[PDB]
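A.B. asks: You'll find protein_18.cif just under this line, and it carries mmCIF, C-alpha atoms.
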data_final
loop_
_atom_site.group_PDB
_atom_site.id
_atom_site.type_symbol
_atom_site.label_atom_id
_atom_site.label_comp_id
_atom_site.auth_asym_id
_atom_site.auth_seq_id
_atom_site.Cartn_x
_atom_site.Cartn_y
_atom_site.Cartn_z
ATOM 1 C CA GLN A 21 -0.344 21.379 3.663
ATOM 2 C CA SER A 22 -2.742 18.502 3.014
ATOM 3 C CA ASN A 23 -3.009 17.037 6.479
ATOM 4 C CA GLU A 24 -6.819 16.854 6.457
ATOM 5 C CA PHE A 25 -6.823 13.853 4.062
ATOM 6 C CA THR A 26 -6.234 10.199 4.858
ATOM 7 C CA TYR A 27 -3.623 8.129 2.989
ATOM 8 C CA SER A 28 -6.385 5.705 1.981
ATOM 9 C CA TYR A 29 -8.228 8.476 0.142
ATOM 10 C CA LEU A 30 -5.129 9.915 -1.537
ATOM 11 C CA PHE A 31 -3.894 6.519 -2.700
ATOM 12 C CA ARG A 32 -7.365 5.448 -3.907
ATOM 13 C CA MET A 33 -7.908 8.679 -5.852
ATOM 14 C CA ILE A 34 -4.472 8.648 -7.462
ATOM 15 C CA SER A 35 -4.700 4.955 -8.326
ATOM 16 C CA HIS A 36 -8.200 5.421 -9.761
ATOM 17 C CA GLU A 37 -7.145 8.335 -11.950
ATOM 18 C CA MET A 38 -4.068 6.553 -13.312
ATOM 19 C CA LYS A 39 -6.045 3.398 -14.138
ATOM 20 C CA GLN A 40 -8.822 5.287 -15.836
ATOM 21 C CA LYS A 41 -6.370 7.284 -17.957
ATOM 22 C CA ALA A 42 -4.352 4.222 -18.954
ATOM 23 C CA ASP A 43 -7.422 2.119 -19.654
ATOM 24 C CA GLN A 44 -8.943 4.708 -21.986
ATOM 25 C CA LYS A 45 -5.756 4.759 -24.031
ATOM 26 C CA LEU A 46 -5.382 0.966 -24.078
ATOM 27 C CA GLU A 47 -8.987 0.544 -25.277
ATOM 28 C CA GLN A 48 -7.940 1.899 -28.683
ATOM 29 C CA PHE A 49 -5.832 -1.188 -29.451
ATOM 30 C CA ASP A 50 -7.457 -4.530 -30.275
ATOM 31 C CA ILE A 51 -5.173 -6.453 -27.951
ATOM 32 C CA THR A 52 -5.826 -8.175 -24.620
ATOM 33 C CA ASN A 53 -3.746 -7.619 -21.472
ATOM 34 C CA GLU A 54 -2.154 -11.056 -21.782
ATOM 35 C CA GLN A 55 -1.325 -10.414 -25.446
ATOM 36 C CA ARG A 56 0.192 -7.091 -24.429
ATOM 37 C CA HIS A 57 2.387 -8.892 -21.883
ATOM 38 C CA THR A 58 3.386 -11.447 -24.546
ATOM 39 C CA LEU A 59 4.396 -8.729 -27.020
ATOM 40 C CA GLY A 60 6.376 -6.916 -24.316
ATOM 41 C CA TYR A 61 8.260 -10.095 -23.443
ATOM 42 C CA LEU A 62 9.173 -10.560 -27.126
ATOM 43 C CA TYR A 63 10.287 -6.942 -27.241
ATOM 44 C CA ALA A 64 12.620 -7.587 -24.273
ATOM 45 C CA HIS A 65 14.021 -11.073 -25.088
ATOM 46 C CA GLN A 66 13.549 -11.999 -28.762
ATOM 47 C CA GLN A 67 17.310 -11.677 -29.200
ATOM 48 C CA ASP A 68 17.587 -14.917 -27.199
ATOM 49 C CA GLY A 69 15.993 -16.877 -30.047
ATOM 50 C CA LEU A 70 12.631 -17.853 -28.611
ATOM 51 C CA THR A 71 10.490 -20.974 -28.879
ATOM 52 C CA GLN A 72 6.907 -21.319 -27.655
ATOM 53 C CA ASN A 73 8.300 -23.364 -24.779
ATOM 54 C CA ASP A 74 10.607 -20.504 -23.791
ATOM 55 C CA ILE A 75 7.638 -18.100 -23.790
ATOM 56 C CA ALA A 76 5.478 -20.434 -21.718
ATOM 57 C CA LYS A 77 8.287 -20.914 -19.200
ATOM 58 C CA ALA A 78 8.711 -17.138 -18.995
ATOM 59 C CA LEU A 79 5.025 -16.137 -18.759
ATOM 60 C CA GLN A 80 4.368 -19.085 -16.438
ATOM 61 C CA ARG A 81 1.477 -20.367 -18.579
ATOM 62 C CA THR A 82 0.708 -23.772 -20.138
ATOM 63 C CA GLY A 83 1.518 -24.801 -23.716
ATOM 64 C CA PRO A 84 -2.005 -24.700 -25.211
ATOM 65 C CA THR A 85 -2.554 -21.248 -23.714
ATOM 66 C CA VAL A 86 0.625 -19.946 -25.316
ATOM 67 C CA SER A 87 -0.294 -21.583 -28.621
ATOM 68 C CA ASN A 88 -3.648 -19.798 -28.637
ATOM 69 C CA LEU A 89 -2.091 -16.431 -27.856
ATOM 70 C CA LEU A 90 0.612 -16.750 -30.535
ATOM 71 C CA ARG A 91 -1.916 -17.863 -33.127
ATOM 72 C CA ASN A 92 -3.987 -14.735 -32.562
ATOM 73 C CA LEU A 93 -0.978 -12.417 -32.649
ATOM 74 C CA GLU A 94 0.369 -14.083 -35.778
ATOM 75 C CA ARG A 95 -3.036 -13.723 -37.424
ATOM 76 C CA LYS A 96 -2.894 -10.029 -36.536
ATOM 77 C CA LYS A 97 0.563 -9.977 -38.147
ATOM 78 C CA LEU A 98 2.228 -8.629 -35.001
ATOM 79 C CA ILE A 99 4.626 -11.557 -34.658
ATOM 80 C CA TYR A 100 6.442 -13.851 -37.081
ATOM 81 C CA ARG A 101 8.541 -16.977 -37.058
ATOM 82 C CA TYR A 102 12.020 -16.434 -38.472
ATOM 83 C CA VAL A 103 14.715 -18.872 -39.587
ATOM 84 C CA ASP A 104 17.638 -18.642 -37.128
ATOM 85 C CA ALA A 105 20.806 -16.987 -38.428
ATOM 86 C CA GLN A 106 23.186 -19.425 -36.737
ATOM 87 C CA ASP A 107 21.180 -22.602 -37.052
ATOM 88 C CA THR A 108 19.061 -22.923 -40.236
ATOM 89 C CA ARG A 109 17.404 -25.988 -38.749
ATOM 90 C CA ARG A 110 15.561 -23.738 -36.310
ATOM 91 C CA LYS A 111 12.944 -20.995 -36.191
ATOM 92 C CA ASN A 112 12.572 -18.169 -33.706
ATOM 93 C CA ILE A 113 9.530 -16.140 -32.703
ATOM 94 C CA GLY A 114 9.903 -12.360 -32.922
ATOM 95 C CA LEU A 115 8.030 -9.116 -33.405
ATOM 96 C CA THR A 116 7.188 -7.761 -36.799
ATOM 97 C CA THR A 117 7.729 -4.082 -37.498
ATOM 98 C CA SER A 118 4.088 -3.440 -36.602
ATOM 99 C CA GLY A 119 4.559 -5.467 -33.415
ATOM 100 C CA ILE A 120 7.524 -3.290 -32.460
ATOM 101 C CA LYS A 121 5.568 -0.096 -33.111
ATOM 102 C CA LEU A 122 2.640 -1.472 -31.091
ATOM 103 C CA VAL A 123 4.809 -2.317 -28.058
ATOM 104 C CA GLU A 124 6.437 1.101 -28.141
ATOM 105 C CA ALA A 125 2.956 2.678 -28.264
ATOM 106 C CA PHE A 126 1.557 0.876 -25.208
ATOM 107 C CA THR A 127 4.790 1.320 -23.247
ATOM 108 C CA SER A 128 4.677 5.069 -23.911
ATOM 109 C CA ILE A 129 1.264 5.225 -22.185
ATOM 110 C CA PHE A 130 2.938 4.081 -18.990
ATOM 111 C CA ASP A 131 6.114 6.063 -19.499
ATOM 112 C CA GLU A 132 4.239 9.308 -20.115
ATOM 113 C CA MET A 133 2.166 8.829 -16.962
ATOM 114 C CA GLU A 134 5.243 8.106 -14.851
ATOM 115 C CA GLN A 135 7.058 11.153 -16.242
ATOM 116 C CA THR A 136 4.156 13.496 -15.496
ATOM 117 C CA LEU A 137 4.319 12.423 -11.861
ATOM 118 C CA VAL A 138 8.103 12.469 -11.646
ATOM 119 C CA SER A 139 8.188 16.027 -12.990
ATOM 120 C CA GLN A 140 6.134 17.274 -9.994
ATOM 121 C CA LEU A 141 9.029 16.580 -7.638
ATOM 122 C CA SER A 142 12.766 17.245 -7.473
ATOM 123 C CA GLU A 143 15.033 14.226 -7.953
ATOM 124 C CA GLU A 144 15.605 13.977 -4.192
ATOM 125 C CA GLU A 145 11.901 14.211 -3.450
ATOM 126 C CA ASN A 146 11.156 11.442 -5.964
ATOM 127 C CA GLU A 147 13.684 9.103 -4.333
ATOM 128 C CA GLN A 148 12.337 9.823 -0.841
ATOM 129 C CA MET A 149 8.742 9.405 -2.063
ATOM 130 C CA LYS A 150 9.386 6.021 -3.653
ATOM 131 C CA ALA A 151 11.293 4.768 -0.611
ATOM 132 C CA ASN A 152 8.540 5.921 1.704
ATOM 133 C CA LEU A 153 5.921 4.280 -0.513
ATOM 134 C CA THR A 154 7.662 0.906 -0.379
ATOM 135 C CA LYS A 155 8.037 1.152 3.392
ATOM 136 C CA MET A 156 4.324 1.890 3.652
ATOM 137 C CA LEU A 157 3.422 -0.953 1.305
ATOM 138 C CA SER A 158 5.630 -3.229 3.386
ATOM 139 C CA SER A 159 3.745 -2.264 6.564
ATOM 140 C CA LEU A 160 0.547 -3.546 4.926
ATOM 141 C CA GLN A 161 2.138 -6.814 3.784
ATOM 142 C CA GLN B 21 16.274 3.105 -2.870
ATOM 143 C CA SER B 22 13.102 1.963 -4.637
ATOM 144 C CA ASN B 23 13.723 3.699 -7.937
ATOM 145 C CA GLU B 24 13.053 0.593 -10.039
ATOM 146 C CA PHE B 25 9.267 0.795 -9.479
ATOM 147 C CA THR B 26 6.755 3.029 -11.200
ATOM 148 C CA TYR B 27 4.330 5.238 -9.235
ATOM 149 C CA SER B 28 1.425 3.475 -10.954
ATOM 150 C CA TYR B 29 2.505 0.130 -9.483
ATOM 151 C CA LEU B 30 3.186 1.474 -5.966
ATOM 152 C CA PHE B 31 -0.099 3.384 -5.780
ATOM 153 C CA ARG B 32 -2.097 0.457 -7.221
ATOM 154 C CA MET B 33 -0.576 -2.027 -4.768
ATOM 155 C CA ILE B 34 -1.002 0.187 -1.705
ATOM 156 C CA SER B 35 -4.549 1.081 -2.665
ATOM 157 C CA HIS B 36 -5.405 -2.589 -3.309
ATOM 158 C CA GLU B 37 -4.054 -3.734 0.048
ATOM 159 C CA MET B 38 -5.873 -1.004 1.988
ATOM 160 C CA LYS B 39 -9.174 -1.737 0.258
ATOM 161 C CA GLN B 40 -8.825 -5.466 0.742
ATOM 162 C CA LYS B 41 -8.049 -5.063 4.452
ATOM 163 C CA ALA B 42 -10.849 -2.559 5.071
ATOM 164 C CA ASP B 43 -13.360 -4.598 3.106
ATOM 165 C CA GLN B 44 -12.639 -7.775 5.055
ATOM 166 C CA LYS B 45 -13.392 -5.977 8.302
ATOM 167 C CA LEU B 46 -16.482 -4.187 6.985
ATOM 168 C CA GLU B 47 -17.905 -7.541 5.825
ATOM 169 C CA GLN B 48 -18.515 -8.522 9.443
ATOM 170 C CA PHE B 49 -21.276 -5.913 9.869
ATOM 171 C CA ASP B 50 -24.719 -6.340 8.302
ATOM 172 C CA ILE B 51 -24.701 -2.781 7.008
ATOM 173 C CA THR B 52 -24.458 -1.216 3.555
ATOM 174 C CA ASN B 53 -21.967 1.506 2.616
ATOM 175 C CA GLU B 54 -24.831 3.994 2.318
ATOM 176 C CA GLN B 55 -26.159 3.010 5.749
ATOM 177 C CA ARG B 56 -22.643 3.404 7.126
ATOM 178 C CA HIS B 57 -22.472 6.927 5.670
ATOM 179 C CA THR B 58 -25.894 7.685 7.180
ATOM 180 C CA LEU B 59 -24.852 6.502 10.658
ATOM 181 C CA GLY B 60 -21.641 8.537 10.485
ATOM 182 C CA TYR B 61 -23.534 11.683 9.562
ATOM 183 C CA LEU B 62 -25.810 11.161 12.577
ATOM 184 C CA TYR B 63 -22.722 10.618 14.709
ATOM 185 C CA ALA B 64 -21.360 13.962 13.467
ATOM 186 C CA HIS B 65 -24.501 16.145 13.475
ATOM 187 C CA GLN B 66 -27.336 14.660 15.559
ATOM 188 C CA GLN B 67 -26.768 17.554 17.974
ATOM 189 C CA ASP B 68 -28.467 19.847 15.446
ATOM 190 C CA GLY B 69 -31.832 18.121 15.884
ATOM 191 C CA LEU B 70 -32.282 16.328 12.582
ATOM 192 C CA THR B 71 -35.331 15.570 10.464
ATOM 193 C CA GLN B 72 -35.378 13.262 7.446
ATOM 194 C CA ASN B 73 -35.300 16.430 5.329
ATOM 195 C CA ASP B 74 -32.030 17.479 6.946
ATOM 196 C CA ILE B 75 -30.488 14.067 6.265
ATOM 197 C CA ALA B 76 -31.577 14.016 2.624
ATOM 198 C CA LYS B 77 -30.287 17.547 2.098
ATOM 199 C CA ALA B 78 -26.930 16.551 3.602
ATOM 200 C CA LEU B 79 -26.496 13.144 1.919
ATOM 201 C CA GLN B 80 -27.647 14.590 -1.429
ATOM 202 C CA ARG B 81 -30.359 11.916 -1.821
ATOM 203 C CA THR B 82 -34.123 12.016 -2.427
ATOM 204 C CA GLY B 83 -36.780 11.686 0.269
ATOM 205 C CA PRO B 84 -37.967 8.150 -0.532
ATOM 206 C CA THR B 85 -34.373 6.913 -0.560
ATOM 207 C CA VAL B 86 -33.720 8.408 2.864
ATOM 208 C CA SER B 87 -36.995 6.955 4.151
ATOM 209 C CA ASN B 88 -35.989 3.453 3.061
ATOM 210 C CA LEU B 89 -32.562 3.866 4.686
ATOM 211 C CA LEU B 90 -33.924 5.091 8.002
ATOM 212 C CA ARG B 91 -36.539 2.333 8.102
ATOM 213 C CA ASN B 92 -33.893 -0.378 7.763
ATOM 214 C CA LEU B 93 -31.663 1.215 10.411
ATOM 215 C CA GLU B 94 -34.509 1.732 12.860
ATOM 216 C CA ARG B 95 -35.602 -1.871 12.373
ATOM 217 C CA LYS B 96 -32.053 -2.884 13.336
ATOM 218 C CA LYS B 97 -32.381 -0.649 16.407
ATOM 219 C CA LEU B 98 -29.355 1.467 15.434
ATOM 220 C CA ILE B 99 -31.266 4.753 15.323
ATOM 221 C CA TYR B 100 -34.250 6.159 17.218
ATOM 222 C CA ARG B 101 -36.590 9.118 17.095
ATOM 223 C CA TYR B 102 -36.473 11.262 20.220
ATOM 224 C CA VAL B 103 -38.741 14.015 21.533
ATOM 225 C CA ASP B 104 -36.826 17.310 21.371
ATOM 226 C CA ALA B 105 -35.787 18.816 24.713
ATOM 227 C CA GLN B 106 -36.445 22.405 23.662
ATOM 228 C CA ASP B 107 -39.622 21.833 21.681
ATOM 229 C CA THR B 108 -41.901 18.922 22.729
ATOM 230 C CA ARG B 109 -43.856 19.302 19.518
ATOM 231 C CA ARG B 110 -40.915 17.882 17.590
ATOM 232 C CA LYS B 111 -38.899 14.703 17.181
ATOM 233 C CA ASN B 112 -35.260 14.261 16.264
ATOM 234 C CA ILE B 113 -33.418 11.355 14.668
ATOM 235 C CA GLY B 114 -30.366 10.117 16.560
ATOM 236 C CA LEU B 115 -28.166 7.133 17.216
ATOM 237 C CA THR B 116 -28.949 4.582 19.839
ATOM 238 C CA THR B 117 -26.195 3.269 22.064
ATOM 239 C CA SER B 118 -25.645 0.357 19.679
ATOM 240 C CA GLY B 119 -25.583 2.843 16.795
ATOM 241 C CA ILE B 120 -22.844 4.842 18.518
ATOM 242 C CA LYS B 121 -20.829 1.685 19.202
ATOM 243 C CA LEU B 122 -21.269 0.611 15.573
ATOM 244 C CA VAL B 123 -20.042 3.961 14.224
ATOM 245 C CA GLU B 124 -17.032 3.909 16.558
ATOM 246 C CA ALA B 125 -16.240 0.371 15.420
ATOM 247 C CA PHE B 126 -16.247 1.093 11.711
ATOM 248 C CA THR B 127 -14.410 4.406 12.071
ATOM 249 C CA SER B 128 -11.659 2.608 13.988
ATOM 250 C CA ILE B 129 -11.047 0.406 10.918
ATOM 251 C CA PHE B 130 -10.027 3.504 9.017
ATOM 252 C CA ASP B 131 -8.268 5.193 11.905
ATOM 253 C CA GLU B 132 -6.152 2.110 12.601
ATOM 254 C CA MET B 133 -5.117 1.868 8.937
ATOM 255 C CA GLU B 134 -4.170 5.543 8.795
ATOM 256 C CA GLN B 135 -2.175 5.307 12.020
ATOM 257 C CA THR B 136 -0.174 2.283 10.836
ATOM 258 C CA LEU B 137 0.906 4.282 7.808
ATOM 259 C CA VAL B 138 1.578 7.505 9.702
ATOM 260 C CA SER B 139 3.810 5.594 12.139
ATOM 261 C CA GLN B 140 6.194 4.618 9.299
ATOM 262 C CA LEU B 141 7.285 8.233 8.877
ATOM 263 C CA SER B 142 8.391 11.183 11.003
ATOM 264 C CA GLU B 143 5.949 14.067 11.410
ATOM 265 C CA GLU B 144 7.855 16.099 8.820
ATOM 266 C CA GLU B 145 7.933 13.203 6.372
ATOM 267 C CA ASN B 146 4.175 12.681 6.742
ATOM 268 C CA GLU B 147 3.442 16.336 5.980
ATOM 269 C CA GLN B 148 5.750 16.298 2.960
ATOM 270 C CA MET B 149 4.279 13.020 1.686
ATOM 271 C CA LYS B 150 0.699 14.246 1.890
ATOM 272 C CA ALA B 151 1.555 17.519 0.173
ATOM 273 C CA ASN B 152 3.400 15.720 -2.613
ATOM 274 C CA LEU B 153 0.503 13.294 -3.028
ATOM 275 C CA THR B 154 -2.022 16.089 -3.514
ATOM 276 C CA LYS B 155 0.280 17.802 -6.010
ATOM 277 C CA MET B 156 0.556 14.521 -7.911
ATOM 278 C CA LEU B 157 -3.201 13.951 -7.787
ATOM 279 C CA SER B 158 -3.813 17.443 -9.151
ATOM 280 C CA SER B 159 -1.415 16.815 -12.063
ATOM 281 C CA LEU B 160 -3.811 14.009 -13.002
ATOM 282 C CA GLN B 161 -6.909 16.177 -12.567
#
How does this structure look as structure tokens?

C.D. replies:
Amino acid sequence: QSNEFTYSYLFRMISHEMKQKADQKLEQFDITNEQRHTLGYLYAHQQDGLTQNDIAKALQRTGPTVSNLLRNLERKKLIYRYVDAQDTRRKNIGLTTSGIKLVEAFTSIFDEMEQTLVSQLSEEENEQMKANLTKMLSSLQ
Amino acid sequence: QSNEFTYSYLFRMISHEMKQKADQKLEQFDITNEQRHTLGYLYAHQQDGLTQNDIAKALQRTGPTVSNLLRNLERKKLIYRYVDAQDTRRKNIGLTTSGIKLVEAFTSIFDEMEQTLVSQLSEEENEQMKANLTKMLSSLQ
């Protein structure tokens, strides 16, 4: 029984701890948050055969912004531009092997944290907890 | 079912919304967080007959810090020094009427938030949620 604590305190403490833990792990990679999001998007959609325009449309950013971000990632050798297998007139942007390994590394930070939490509860309890959390969030929005 | 969201996201969003809401209300009072904590302590313990020493010992702060704090609050007429009913040699620090009203006002910010959340769940669900939250928090500590 933990009835002596407010929700505000519990949610603040939990959220603080998760952020601090994730941030300390992310600080070991020389990559910005926006670059991380870019690499993740490539991980999830590069099979589509992506142009810079596709990436801008997806990340909802302007062209020059996307150009800057791709330039830095390409310099770091985390992405590459390939010739397309079905249309040799075209090039696609995709991850390099090191880009793939990098995305899997920063995703595992988040997956490991989620699994630690999930393992504290039975499957039923986890489903009830997430449903109750979204109801609560909704009552604040 | 809300199984498509991570705990990190739900806890971050809920914690953000609560902080934002509380902060917006707190911004209407010309009082610092530390002053708020001082006023609350007086609200909770002024019956003991408090000196500045007692307040420092309780707030875990040094004497000069406490002195500065009390000066600002007394200037704002939120606290007063009384002659003690049992021992006329001594004076006690306590809230004024406007101090009491101010403490009740800021507490209500937090009480209202807690009650909105509590009202989303049954009594049993609230007890289970708080217990699960502390288990989760401990798995991070």

A.B. asks: I need the output of the PyMOL selection byres ((chain A) within 9 of (chain B)) for this file as a PyMOL selection string; which residues are they?

C.D. replies: chain A and resi 21-23+25-39+41+130-131+133-134+136-138+140-141+145-157+159-161

A.B. asks: Closest to residue 119 (chain A) among A:143, A:94, A:107, A:43, using only C-alpha atoms?

C.D. replies: A:94

A.B. asks: Let me have the centre and edge lengths of the axis-aligned box enclosing all listed atoms of region 25-39 of chain B with 3 Å padding on every side, in Å to one decimal, as lines of an AutoDock Vina configuration file.

C.D. replies:
center_x = 0.0
center_y = 0.8
center_z = -4.6
size_x = 24.4
size_y = 15.0
size_z = 19.2

A.B. asks: Taking 6 positions as the minimum chain separation for residues in the same chain, which residues sit within 9 Å of residue 63 (chain A) when counting all atoms listed in the file? Answer as a ChimeraX atom specification.

C.D. replies: /A:114-115,119-120,123-124

A.B. asks: Residues within 12 Å of residue 57 (chain A), please, as a PyMOL selection string. Count all atoms listed in the file; anything in the same chain fewer than 2 positions from it doesn't count.

C.D. replies: chain A and resi 51-55+59-64+75-76+78-81+86+89-90+93+122-123+126-127

A.B. asks: Rounded to one decimal place, report the CA of residue 85 (chain B)-CA of residue 97 (chain B) distance in Å.

C.D. replies: 18.7 Å

A.B. asks: In Å, how far is it from CA of residue 100 (chain A) to CA of residue 117 (chain A)?

C.D. replies: 9.9 Å

A.B. asks: Using Å and a single decimal, report how far CA of residue 87 (chain B) sits from CA of residue 128 (chain B).

C.D. replies: 27.5 Å

A.B. asks: Please list as a compact mmCIF listing (two decimals) with C-alpha atoms, in the frame of the given file every residue within 10 Å of residue 71 (chain B), counting only C-alpha atoms and excluding residues in the same chain fewer than 5 positions away.

C.D. replies:
# COMPACT_ATOMS: atom_id res chain seq x y z
CA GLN B 66 -27.34 14.66 15.56
CA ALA B 76 -31.58 14.02 2.62
CA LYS B 77 -30.29 17.55 2.10
CA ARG B 101 -36.59 9.12 17.10
CA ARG B 110 -40.92 17.88 17.59
CA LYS B 111 -38.90 14.70 17.18
CA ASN B 112 -35.26 14.26 16.26
CA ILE B 113 -33.42 11.36 14.67
CA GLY B 114 -30.37 10.12 16.56
